[PDB]
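Structure first, commentary second.
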Amino acid sequence: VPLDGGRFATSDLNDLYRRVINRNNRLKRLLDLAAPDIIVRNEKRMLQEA
RNA sequence: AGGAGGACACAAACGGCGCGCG
């Protein structure tokens with residue numbers, strides 16, 4: 001929902017979904033580009049925690 | 001002369017902090 005002026009009120013679930021989507025897209029991008037095992041492990045841990 | 005031809009619809013939100021009252 002917007003608030004007074006050209007701004008939208010912060011939504012809790014939206015930000016969590018945004019974090020999850022960004023992390024998962026980064027993981028997909030790396031897995032396409034064959035990142036090293038250490039990097040993909042760290043990305044997978046970050047995705048799980050997100 | 002005769003004769004012939006010729007736009008309908010549509011009324012303000014969500015979480016903290018503080019205070020106060022029952």
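Ordering of the structure tokens sets the chain letters (A, B, ...); residue numbers start at 1 within each chain; ligands are numbered from 1 in the order shown.
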Near stretch 28-33 of chain A, within 12 Å and counting only C-alpha atoms (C1' of nucleotides), which residues show up once chain neighbours fewer than 5 positions away are dropped, as a list in words?
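In the requested form, the answer reads residues 21, 22, 23, 38, 39, 40, 41, 42, 43, 44 and 47 of chain A.
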Pull the closest atom pair for each residue of chain A that gets at most 12 Å from chain B, along with the distance in Å to one decimal, counting only C-alpha atoms (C1' of nucleotides), ordering rows by chain and then ascending residue number, as a tab-separated table.
```
residue	atom	partner	partner_atom	distance
A:1	CA	B:13	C1'	8.2
A:2	CA	B:13	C1'	9.6
A:3	CA	B:13	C1'	9.0
A:4	CA	B:12	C1'	10.7
A:8	CA	B:13	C1'	11.9
A:9	CA	B:14	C1'	8.4
A:10	CA	B:14	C1'	9.3
A:11	CA	B:14	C1'	9.2
A:12	CA	B:15	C1'	9.9
```
Which of chain A DSSP labels helix (DSSP H, G or I), written as an MDAnalysis selection string:
chainID A and resid 12:33 37:49
Expected file contents, prior selection, N, CA and C atoms, as a compact mmCIF listing (two decimals), in the first residue's frame:
```txt
# COMPACT_ATOMS: atom_id res chain seq x y z
N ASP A 12 6.57 -6.74 5.10
CA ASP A 12 7.54 -7.67 5.67
C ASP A 12 7.77 -8.87 4.76
N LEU A 13 6.69 -9.52 4.32
CA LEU A 13 6.83 -10.73 3.52
C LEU A 13 7.49 -10.44 2.18
N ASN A 14 7.19 -9.27 1.60
CA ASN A 14 7.76 -8.92 0.31
C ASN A 14 9.28 -8.90 0.37
N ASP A 15 9.85 -8.35 1.44
CA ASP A 15 11.31 -8.26 1.53
C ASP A 15 11.94 -9.63 1.70
N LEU A 16 11.31 -10.51 2.49
CA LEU A 16 11.83 -11.86 2.63
C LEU A 16 11.80 -12.61 1.30
N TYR A 17 10.69 -12.49 0.57
CA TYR A 17 10.61 -13.11 -0.75
C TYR A 17 11.66 -12.52 -1.69
N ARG A 18 11.89 -11.21 -1.60
CA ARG A 18 12.90 -10.59 -2.44
C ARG A 18 14.28 -11.15 -2.14
N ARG A 19 14.62 -11.29 -0.86
CA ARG A 19 15.91 -11.87 -0.50
C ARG A 19 16.04 -13.28 -1.05
N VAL A 20 14.99 -14.09 -0.88
CA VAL A 20 15.05 -15.47 -1.34
C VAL A 20 15.23 -15.53 -2.85
N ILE A 21 14.48 -14.70 -3.58
CA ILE A 21 14.55 -14.72 -5.04
C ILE A 21 15.93 -14.28 -5.51
N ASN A 22 16.47 -13.22 -4.91
CA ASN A 22 17.79 -12.74 -5.32
C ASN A 22 18.85 -13.80 -5.07
N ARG A 23 18.83 -14.41 -3.89
CA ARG A 23 19.84 -15.42 -3.58
C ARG A 23 19.72 -16.60 -4.53
N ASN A 24 18.49 -17.05 -4.80
CA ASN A 24 18.31 -18.20 -5.67
C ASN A 24 18.72 -17.89 -7.10
N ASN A 25 18.44 -16.68 -7.57
CA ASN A 25 18.87 -16.30 -8.91
C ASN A 25 20.39 -16.25 -9.00
N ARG A 26 21.05 -15.74 -7.95
CA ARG A 26 22.51 -15.75 -7.95
C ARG A 26 23.04 -17.18 -8.00
N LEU A 27 22.43 -18.08 -7.23
CA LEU A 27 22.86 -19.47 -7.24
C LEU A 27 22.68 -20.10 -8.62
N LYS A 28 21.55 -19.81 -9.27
CA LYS A 28 21.34 -20.32 -10.62
C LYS A 28 22.37 -19.76 -11.58
N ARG A 29 22.65 -18.46 -11.49
CA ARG A 29 23.64 -17.86 -12.38
C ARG A 29 24.99 -18.52 -12.22
N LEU A 30 25.41 -18.76 -10.98
CA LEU A 30 26.69 -19.40 -10.74
C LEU A 30 26.70 -20.83 -11.27
N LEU A 31 25.66 -21.60 -10.93
CA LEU A 31 25.60 -22.99 -11.39
C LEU A 31 25.60 -23.08 -12.90
N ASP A 32 25.12 -22.04 -13.58
CA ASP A 32 25.26 -22.00 -15.03
C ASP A 32 26.70 -21.73 -15.43
N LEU A 33 27.40 -20.90 -14.66
CA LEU A 33 28.76 -20.50 -14.99
C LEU A 33 29.83 -21.37 -14.34
N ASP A 37 33.52 -25.05 -6.06
CA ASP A 37 32.74 -25.74 -5.04
C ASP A 37 32.57 -24.89 -3.79
N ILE A 38 33.62 -24.18 -3.38
CA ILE A 38 33.52 -23.36 -2.18
C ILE A 38 32.46 -22.28 -2.37
N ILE A 39 32.45 -21.63 -3.53
CA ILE A 39 31.49 -20.56 -3.77
C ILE A 39 30.08 -21.11 -3.83
N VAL A 40 29.87 -22.24 -4.52
CA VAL A 40 28.52 -22.77 -4.62
C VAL A 40 28.03 -23.26 -3.27
N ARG A 41 28.92 -23.82 -2.45
CA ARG A 41 28.52 -24.22 -1.11
C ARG A 41 28.09 -23.02 -0.29
N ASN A 42 28.85 -21.93 -0.36
CA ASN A 42 28.48 -20.74 0.40
C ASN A 42 27.15 -20.18 -0.08
N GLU A 43 26.94 -20.16 -1.39
CA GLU A 43 25.67 -19.67 -1.92
C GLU A 43 24.51 -20.55 -1.47
N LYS A 44 24.71 -21.87 -1.45
CA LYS A 44 23.65 -22.76 -1.02
C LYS A 44 23.34 -22.57 0.46
N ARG A 45 24.36 -22.37 1.28
CA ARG A 45 24.11 -22.09 2.69
C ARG A 45 23.34 -20.79 2.86
N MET A 46 23.72 -19.75 2.11
CA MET A 46 23.01 -18.48 2.20
C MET A 46 21.56 -18.63 1.77
N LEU A 47 21.32 -19.39 0.70
CA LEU A 47 19.95 -19.62 0.25
C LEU A 47 19.13 -20.36 1.29
N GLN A 48 19.71 -21.39 1.91
CA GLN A 48 19.00 -22.11 2.96
C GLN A 48 18.66 -21.18 4.12
N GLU A 49 19.62 -20.34 4.52
CA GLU A 49 19.35 -19.43 5.63
C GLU A 49 18.32 -18.37 5.25
```
